[PDB]
Amino acid sequence: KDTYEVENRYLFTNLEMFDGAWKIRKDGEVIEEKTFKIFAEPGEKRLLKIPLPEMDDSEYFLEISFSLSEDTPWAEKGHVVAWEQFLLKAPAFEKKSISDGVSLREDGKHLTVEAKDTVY
Amino acid sequence: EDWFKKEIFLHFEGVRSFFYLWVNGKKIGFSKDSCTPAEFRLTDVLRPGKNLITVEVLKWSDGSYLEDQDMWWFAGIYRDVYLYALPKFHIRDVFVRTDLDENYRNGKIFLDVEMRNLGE
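Chains C and C' are the protein sequences, given in the same order. A prime marks a further copy of an entry chain. Counting along the first sequence from 1, when you hit position 10 you're at 613 in PDB author numbering, and nothing is skipped either side. Counting along the second sequence from 1, when you hit position 76 you're at 197 in PDB author numbering, and nothing is skipped either side.
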């Protein structure tokens, strides 16, 4: 969950040329962003350690991305060349006992069901 | 004379297989199915006292192509005919349905009443 293996598949490019970033998303919204650099020659595999926070019953998702450190003839600083995402933790589902009532009215052509301020 | 403060209808219960209708020389229309009724409103083309009803009946029609039952081919006004009068404002159609509870004990009645106005 905290350990990730990066593999450089460029023929003639070191991964040091790119700005690394990782983000953690709680139920879709983010909560933690960090930048990093990683040295890896063409072909090489390198490990990446990501400290994780204590996590409540929400659903957590990591996203790891590389971008352009500075402008290029074909694109501007920050442009994203590669990303991958992973489920950290699934969510805990709640189930709630409902005590409140529901009415019902039958007529020739309709069944009517009332609950709070909604009629079906 | 007391019929003309009301709406008058000419009802054929059955005719096989096609027929035209004239009233007092004039052409009211036609009808094709041999086993359901034909009804005409005649309040406008009818006069107090003596009135002439003329009916032309054909044995074979395009309606015969759907009446190829394993049975004798007959023809002619083979069910009752009659006139009757309703108030200007009258009950055109009724649909009565009935439900029964899960135990088949208690009942519900579902009533549709269609009304029709003609100058009331």
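Where is the CB? At the ideal position from N, CA and C, for every residue including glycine.
Inter-residue Cα distance where the pair is residue i and residue j
i: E644(C); j: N611(C); result: 7 angstroms
i: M236(C'); j: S702(C); result: 46 angstroms
i: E223(C'); j: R628(C); result: 52 angstroms
i: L167(C'); j: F130(C'); result: 10 angstroms
i: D123(C'); j: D165(C'); result: 15 angstroms
i: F664(C); j: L614(C); result: 31 angstroms
i: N172(C'); j: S155(C'); result: 26 angstroms
i: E636(C); j: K699(C); result: 34 angstroms
i: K147(C'); j: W193(C'); result: 34 angstroms
Other residues of its chain near residue i: CB distance less than 6 angstroms, five sequence neighbours each side excluded
i: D622(C); result: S670, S672
i: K229(C'); result: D220
i: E160(C'); result: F130, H132
i: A206(C'); result: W124, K127, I129
Beta bridge counterpart(s) of residue i as assigned by DSSP
i: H682(C); result: According to DSSP, which records beta bridges pairwise, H682(C) is partnered with nothing at all.
i: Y663(C); result: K629(C), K692(C)
i: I198(C'); result: Paired residues: none, contrary to the question.
i: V234(C'); result: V215(C')
i: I653(C); result: Note: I653(C) sits in no beta bridge, so no partner.
i: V716(C); result: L707(C)
i: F133(C'); result: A159(C'), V202(C')
i: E608(C); result: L650(C)
i: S670(C); result: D622(C), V683(C)
Close-in-space but distant-in-sequence residues of the same chain around residue i (CB under 8 angstroms, 5 per side omitted)
i: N238(C'); result: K209, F210
i: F195(C'); result: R137
i: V722(C); result: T715, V716
i: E608(C); result: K648, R649, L650, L651
i: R162(C'); result: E128, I129, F130
i: residue 781(C); result: Within the shown structure, residues of chain C are numbered from 604 to 723, placing residue 781(C) beyond reach of any answer.
Close Cβ partners of residue i (< 7 angstroms) along its chain, the five nearest in sequence each way excluded
i: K604(C); result: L655, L691
i: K153(C'); result: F139, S182, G184
i: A693(C); result: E662
i: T606(C); result: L650, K652
i: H682(C); result: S670, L671
i: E177(C'); result: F140, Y141
When the options are compared against residue i, the one with the closest alpha-carbon
i: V215(C'); options: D233(C'), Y225(C'), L207(C'), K229(C'); result: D233(C')
i: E188(C'); options: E122(C'), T157(C'), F125(C'), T175(C'); result: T157(C')
i: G170(C'); options: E160(C'), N145(C'), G197(C'); result: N145(C')
i: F689(C); options: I667(C), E632(C), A624(C), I634(C); result: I667(C)
i: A695(C); options: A678(C), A685(C), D659(C); result: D659(C)
i: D710(C); options: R200(C'), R218(C'), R226(C'); result: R218(C')
Limits of the unbroken beta strand (DSSP E) element including residue i
i: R708(C); result: 706-710
i: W143(C'); result: 139-144
i: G150(C'); result: 147-152
i: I174(C'); result: 174-179
Residue i: CB within 7 angstroms of a non-hydrogen atom of the ligand GDP
i: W193(C'); result: Ligands in the displayed structure: none, and consequently the ligand GDP is not present.
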